[PDB]
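Visitor: task: produce atomic coordinates for the following.
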Amino acid sequence: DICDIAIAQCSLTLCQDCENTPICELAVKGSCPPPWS
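Guide: Residues are numbered from 1 along each chain as shown. See below for the structure:
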């Protein structure tokens with residue numbers, strides 16, 4: 001789903017589409033080192 005899209009993309013903007021936004025944000029930092037590409 002779009003959250004997982006954001007996780008693939010490791011994208012904080014796209015995480016704002018995701019229901020559990022900060023959990024998306026956290027997992028995204030999980031998947032790619034901050035700050036992001």
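Visitor: going along the chain, name the strands of this structure.
Guide: Read by DSSP state E, the chain holds no strands at all.
Visitor: just checking, what packs against the longest helix anywhere in it?
Guide: Longest helix in the chain by number of residues (criterion: DSSP state H): helix 21-31. Helix 21-31 sits against helix 2-9, helix 12-15, with contacts defined as 3 or more C-beta pairs under 8 Å, 6 or more residues apart in numbering; DSSP states H and E. In short, each C-beta sits where N, CA and C put it, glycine included.
Visitor: indicate which one of the ones you listed is closest to residue 27.
Guide: Nearest to residue 27, of all those, is helix 2-9, at 5.7 Å by C-beta to C-beta.
Visitor: now for the closest one, which elements pack on it?
Guide: helix 12-15, helix 21-31.
Visitor: centre of the chain to that helix, how far?
Guide: Put simply, helix 2-9 sits 6 Å off its chain's centre (C-alpha atoms, centre = their mean, to the nearest Å).
Visitor: ok, now stretch 21-33?
Guide: That offset, for stretch 21-33, works out to 5 Å (C-alpha atoms, centre = their mean).
Visitor: out of the helices and strands packed on helix 21-31, flag the one nearest residue 30.
Guide: Comparing those by C-beta to C-beta, helix 2-9 comes nearest, at 8.2 Å.
Visitor: quick one: contacts of the closest one?
Guide: 12, 14-15, 17-20, 24, 27-28, 31 (C-beta atoms under 8 Å, 6 or more residues apart in numbering).
Visitor: name the nearest residue to the residue nearest the centre of the chain, sequence neighbours excluded.
Guide: The chain has residue 28 as the residue nearest its centroid, 3.8 Å off, counting by C-alpha atoms, centre = their mean. Residue nearest to residue 28 in three dimensions, not counting chain neighbours: residue 10, with 5.0 Å by C-beta to C-beta, 6 or more residues apart in numbering.
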